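In this document, chain identifiers A, B, C, D, E, F, G, H, I, J, K and L correspond to the written order of the chains, with residue numbering beginning at 1 in each.
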Amino acid sequence: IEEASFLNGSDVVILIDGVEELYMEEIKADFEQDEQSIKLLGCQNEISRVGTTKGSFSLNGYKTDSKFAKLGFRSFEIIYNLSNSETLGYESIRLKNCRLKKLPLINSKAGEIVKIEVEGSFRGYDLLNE
Amino acid sequence: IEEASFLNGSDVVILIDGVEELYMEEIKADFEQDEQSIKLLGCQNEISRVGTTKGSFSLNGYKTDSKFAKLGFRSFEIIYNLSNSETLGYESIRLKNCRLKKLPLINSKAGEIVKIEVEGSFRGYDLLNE
Amino acid sequence: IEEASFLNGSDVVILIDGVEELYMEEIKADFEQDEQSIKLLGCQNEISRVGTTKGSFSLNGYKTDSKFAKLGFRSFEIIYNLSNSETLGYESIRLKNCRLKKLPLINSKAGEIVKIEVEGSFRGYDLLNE
Amino acid sequence: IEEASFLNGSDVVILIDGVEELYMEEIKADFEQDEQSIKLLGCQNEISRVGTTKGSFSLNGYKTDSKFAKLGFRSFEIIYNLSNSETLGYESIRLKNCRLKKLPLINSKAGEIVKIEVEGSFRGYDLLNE
Amino acid sequence: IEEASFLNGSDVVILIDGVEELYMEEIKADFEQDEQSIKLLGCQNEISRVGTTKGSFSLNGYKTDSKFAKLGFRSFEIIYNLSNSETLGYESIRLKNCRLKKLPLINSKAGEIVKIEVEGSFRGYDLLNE
Amino acid sequence: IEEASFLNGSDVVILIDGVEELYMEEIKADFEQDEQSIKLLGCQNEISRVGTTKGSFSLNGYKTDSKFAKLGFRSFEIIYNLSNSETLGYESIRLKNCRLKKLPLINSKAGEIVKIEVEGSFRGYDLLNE
Amino acid sequence: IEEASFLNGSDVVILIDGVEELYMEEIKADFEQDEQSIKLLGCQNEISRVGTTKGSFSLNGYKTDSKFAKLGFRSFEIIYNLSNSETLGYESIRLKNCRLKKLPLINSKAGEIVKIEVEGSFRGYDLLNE
Amino acid sequence: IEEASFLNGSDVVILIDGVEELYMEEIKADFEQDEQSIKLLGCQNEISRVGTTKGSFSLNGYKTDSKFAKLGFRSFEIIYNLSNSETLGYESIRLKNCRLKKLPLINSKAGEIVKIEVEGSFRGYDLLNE
Amino acid sequence: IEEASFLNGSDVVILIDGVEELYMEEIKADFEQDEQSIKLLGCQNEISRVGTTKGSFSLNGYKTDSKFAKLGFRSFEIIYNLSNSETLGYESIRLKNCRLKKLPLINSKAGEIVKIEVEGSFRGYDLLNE
Amino acid sequence: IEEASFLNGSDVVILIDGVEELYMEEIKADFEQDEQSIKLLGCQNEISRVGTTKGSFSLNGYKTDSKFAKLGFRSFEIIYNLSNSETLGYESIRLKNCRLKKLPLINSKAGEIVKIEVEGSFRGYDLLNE
Amino acid sequence: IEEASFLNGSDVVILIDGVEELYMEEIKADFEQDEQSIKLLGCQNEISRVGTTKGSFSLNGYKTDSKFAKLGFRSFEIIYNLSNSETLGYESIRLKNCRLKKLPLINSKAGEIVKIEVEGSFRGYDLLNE
Amino acid sequence: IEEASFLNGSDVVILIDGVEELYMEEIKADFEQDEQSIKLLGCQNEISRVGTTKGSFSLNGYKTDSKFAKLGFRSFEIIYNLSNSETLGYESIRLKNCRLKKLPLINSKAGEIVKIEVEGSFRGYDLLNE
């Protein structure tokens, strides 16, 4: 019903190691189970339990510097804020111990704008606001 | 033949842990066998038997809050009601011990509406109505 | 050459456990070998032999009831009749000991008609008519 | 250069067990190596040798009878003739000991013409003409 | 060369103490030498001679009764018939004084079909047919 | 032939010292001969005779208490019931004087569910039902 | 039935000589019989009796110090606590007079994290809690 | 910059076993490493070394004869010449010990021109011109 | 915000072994972890650590010479410069010990411009400028 | 270098007691030393001398008759010929006084082709051709 | 918890007889008890005591010289240093009187990098640093 | 560090009794101690001393002749040369008094290339070059 509840991608600000990142196209982050399946002798359905949690992120954008190449495989943090405009509420998520799986050293095509895409893993998250 | 028997997606109401969810785009739920294949010496076709049953659900929608991030990996229930309008009949399905496989912490694109997609597993189901 | 030999999907009637199913979109059924490959020392080509036979079916349609959810994983039969109109001939195939691999508990999208898709296995077949 | 050398699909006649098949859409047949790779200590490139040969065919068409369902998994032959019209030359290939991998018992969609698709294996081939 | 000479496991019927066993998965039987090695002073290769013969069988299947638990360690016979279908020939082997080495009292896993596996010894064999 | 004769692991209930055990994954029990081999001077095959009988069991499951650690090396009984559902028949086996070979004091891995596995010996068995 | 009864490896804390060990991957401990087999003249089954008890442990983890190399072959204790979260119950086991069979002086591979694995024996155990 | 440096597919002539092939649509040939990855204890990046070299080719065209069916799995050579027109330079590559992986016995569709596609392996190459 | 920060593919110059490459369509280079996953007994999330680093590049272009065929599998370097025009800044990346995984001997289609595509691995990188 | 020197398994013909065996999958034969180790007082390396020679063979194939069951433990001969096709040379080896260690009375699985595997010993060998 | 405590294999430097070894893949070293088991008349558990200590090492790497073949069976020392990078701490272990059990004279495969693997024994160890 | 130090299997040439062997896949040779363990009354660690040295080799390849069958159990020599290409250095090892443990008379499988594998012992070695 309420039009105002929907949140657009334009209400997004990303901070990589405390400095705002402006030239990003999309971002993803998931906190995934290693779900443990259990089968019992007296019971005829599988029982699922929570396993170890791992974080995975991807982060696609437009290249304007060699920030990620300098950044290397050092650990960093990602603070992601998604705000509402019609309402004043906002969500803020801090991904901790983020680390790149691979360095986007070179990615260019003949007549397109140079884009940068990275992926990696993070240990845990803090839901700062909501 | 009968036009009235068909059921549209618009006749759908979803309850996550007893509170209605309004900003959902699609939902899926399957109760899958671990079917056991049997081959016998005197017989020339495979015999299939029912194994342990597992439930899997997926649930795609539009982000309006951090409900699933707060929800974490705790167990919850999903009550799914699909009603007919031309007829007064309706189906109601309760998925029990539902648990998320991964947390949709961040999912945003440059100029699109922020969407949320989750998947998980459930133990069993109750066919409340039909 | 002969236009009349072709058979359209519209000349199809499906019986699930003896009661006609009217709201189906497509149906598939295959009877597959576990073909055994043989290599011999004196011979330079593989010899293939018939192994155990397994049946697999899929059955896509439009949801009008909770028939398959009630049906569960019980064994049922499928009688498939494909008739000719310009000619009076018809084929009838009976799939025996049919059993669902998974239950289509929930499948709905935002603005589409609710569809139901199931798959399973069957032991053998009877070619009743042809 | 020469327009006449090209061969169209329309110049095709297929014989299944000696009786012509008229309602076929496409046909495939390959005679595949189990190629053996050899690495030697003194040499820096792989040596390839001929292994056992296996035949595989596929055969898609339009359903007009239960020929393949009756045919079951019995061995049969396929004689494939591809003729030239502008020239009088023609090729004829006989696939021997052909055997179906699976039976196309049922394949129908809501408003489409009923099609039949089969696949299988054959032992060897005779290049009757060319 | 001849496809018909090969014998499939599906052409197998097993009789335990004169009553047919239908739920068996595989069977083995060997008649083993206690081969005697001889070394001679004037000769530079070992001479091998036939020693006492012992029979050993194994018999894996699916549990449908407590037949083997009741059977205990009593002596029984196994008649094994392997028939050809394309040809009318068949082999029949009678294992005599068969006796179980161990009783399969309990063998069950969480979500699998209950299987039974036994092993034992037999004195001699009669090649009834061939 | 008969689908109903097969018995699944889900139809299993285990009683350790008269109290039901619910969190078990698999169970095994064998009653093994100390088979005596006999060679005779006039005869050219080995004669096998029944020796002393020993029982061995293994019992794998999921840890929910320190039941087996408290149980120590005291003697206990195991009653194993395997029931049929499609048929009403059932088997019941009582293992007597069961005793653990080793105590599963500690068994845990980094991110897996804590499992418990025990093995032991039993004197004799009673086939209560069948 | 009860989801809460299962215990995950994540609810584990290990104390080596009173100081907590944080970088462990898995732990094992068994208290094994030297079971004595008895055969009697009038009786046709083996009688089993409890022999001397020995403890054996293994302890795999990630190397962060030379703790075990300094520890040498001195006697130490292991206190193992496995707690429940959904329930407040917990088990605590104290292994006494633990002693290493071998010292893990060096264990490293080319591109993997340095792991440490030890095994040893203990005299007895105290089941502190449960 | 220079328009003349580009080479079109039209400047291509292919020789199969010394006789020109005119009805080809595309050709591919690669000489692939079995690259050996090395990880060292003192070093934090992988070292790559050249392994055994294998050649793979594919060759798609239009069917005008049974050349490849007669050719079988015999070894043959492929000489590939790519010429420049605006410049007089040209490249010539000779693939040696070329051998088909599979025979394109039959490939025809309902109303399309009969095409032939083959793949195979070659030992080495000679860069005759450039 | 700033239009000038974006970098187009047209501001790219590539040097293969010190000589400029003009007829390239796109280039890629990544420096990938062999990320090591760690699970601990007391902790409920995976710990990720940096493993050995490997470089992978791909390099697609238009064929104007047999440079890569002559180059073979020898080691070479790639210097990649991406310059800004509105700003005077530029990035320069030197890939070291670059080596081809496969040689693009032949790649041509019927009526298209002859293209060349290569892939390979490199040991490390130097970020010369930025 | 020379492709023609390699010998495939397809160029194999086996004669058991003078009659060709066609349904064999693999064959092995070794002539093994009972090597005598010598240590001397003045010398610091072991001296090895030739002991008595024994032959061992294994012979795996597909069952088409009860040939080996009738053959029993009687002595027989094996003539093994391995021919070259590209060259006209061939090897022929005659194993003498071959005798089975065990009789393959029964070997069948649920849905697989019945295979026969035998092993035994032979006294000596004649290298008839080469 | 602490990411920095983990030690990677890349922080490893090995000295064989005082000269650094760079081309090693993995190393192992254990200092093993000849543990003495004691059983007493009044006591019902085994008593374990420390026996003589023996050292065993293994050392796998890549061959670049005949160092170990020249080294023969002479006694040598191994100094193993494992350093931390995020922290400045390091461990150093000196294995004394190391001696090879066997000489890796030849170890090569068809298309793989030549590797060298050795094993041996050492008398004692000095924990130089930690 | 240095790429050139690594030695590939392709830089290998083997001489059996002075004539080069070209069709070999891998080779092994070890010179093993009969290490003598010493325990002393006043000392708490084992003392290890060099015992008699024995050589063992294995040599796997592809069959192209009956060289090893003719060779029998006669003594022969193996000269193994492993060369560097980027550097001009090379290793040469001469194994003396090599003698086969068993003769590879027959080794063939259904559709694989005939391989030959031998093992044996040698007295001593000469490190000719390095």
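List of remarks:
What we mean here is this: a residue touches a chain if its C-beta (ideal position, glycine included) is under 8 Å from a C-beta of that chain, and two chains touch if they have at least 3 such contacts.
Annotation: G-I is the more contact-rich of the chain pairs D-K and G-I, by number of C-beta pairs in contact.
When the contact pairs of B-E are matched by residue number across C-D, G-I or E-J, over half of them reappear in G-I.
Distance from the chain D centre to the chain G centre is 63 Å, each centre being the mean of its Cα atoms. A separation of 40 Å divides the Cα centre of chain I from that of chain K. If each chain is reduced to the centroid of its CA atoms, chain I and chain L end up 43 Å from each other. Shared contact sites, meaning residues of chain B that touch two or more other chains, fall at 34, 36, 38-41, 43-44, 46-47, 49-53, 55, 97.
Those residues of chain F that touch chain E in the complex are listed here as 1, 5-10, 12, 24-33, 35, 37, 39, 44-48, 50, 53, 55, 57, 80, 82, 91, 93, 95, 125, 127, 130.
Those residues of chain C that touch chain B in the complex are listed here as 22-23, 34, 50, 52-55, 62-66, 69-70, 73, 97, 99-114, 121, 123-124.
For chain C in complex with chain E, the residues that touch the partner chain are 36, 38, 43, 47, 49-52.
For chain G in complex with chain H, the touching residues are 108-111. Per the touch definition, chain L reaches chain D in the complex via residues 8-10, 12-14, 22-27, 62, 110-113.
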